[PDB]
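See below for the structure under consideration.
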Amino acid sequence: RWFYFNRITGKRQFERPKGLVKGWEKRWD
């Protein structure tokens, strides 16, 4: 499954962006 990484805060999960923001990057697991 795909995940999301926020380069601004450095947070990421398997859920929706850890904030539904920008900076977030959808990558492969």
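Residues are named by chain letter and number: chains run A, B, ... in the order of the structure tokens, numbers start at 1 in each chain, and ligands are numbered from 1 in the order shown.
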Taking the chain letters and numbering used in this document, name the residues of chain A that DSSP puts in strand (DSSP E or B), as a PyMOL selection string. chain A and resi 2-6+12-13+24-28
Would you pick out the contacts of stretch 2-16 of chain A at 6 Å or less, using only C-alpha atoms, so that residues sharing its chain but fewer than 5 positions from it are not included, and give the list as a PDB file with N, CA and C atoms, in the first residue's frame?
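Output (result27.pdb):
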```pdb
ATOM      1  N   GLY A  23       3.653  19.230   1.279  1.00  0.00           N
ATOM      2  CA  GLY A  23       4.919  18.690   1.821  1.00  0.00           C
ATOM      3  C   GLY A  23       4.883  17.169   1.788  1.00  0.00           C
ATOM      4  N   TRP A  24       3.678  16.641   2.020  1.00  0.00           N
ATOM      5  CA  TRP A  24       3.384  15.231   2.031  1.00  0.00           C
ATOM      6  C   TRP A  24       3.744  14.565   0.703  1.00  0.00           C
ATOM      7  N   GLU A  25       4.333  13.366   0.772  1.00  0.00           N
ATOM      8  CA  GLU A  25       4.717  12.641  -0.438  1.00  0.00           C
ATOM      9  C   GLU A  25       4.189  11.218  -0.405  1.00  0.00           C
ATOM     10  N   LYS A  26       3.446  10.849  -1.442  1.00  0.00           N
ATOM     11  CA  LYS A  26       2.892   9.503  -1.528  1.00  0.00           C
ATOM     12  C   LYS A  26       3.942   8.579  -2.141  1.00  0.00           C
ATOM     13  N   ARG A  27       4.422   7.624  -1.345  1.00  0.00           N
ATOM     14  CA  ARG A  27       5.454   6.693  -1.814  1.00  0.00           C
ATOM     15  C   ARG A  27       5.040   5.248  -1.594  1.00  0.00           C
ATOM     16  N   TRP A  28       5.851   4.370  -2.141  1.00  0.00           N
ATOM     17  CA  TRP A  28       5.626   2.930  -2.057  1.00  0.00           C
ATOM     18  C   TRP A  28       6.195   2.355  -0.767  1.00  0.00           C
TER      19      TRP A  28
END
```
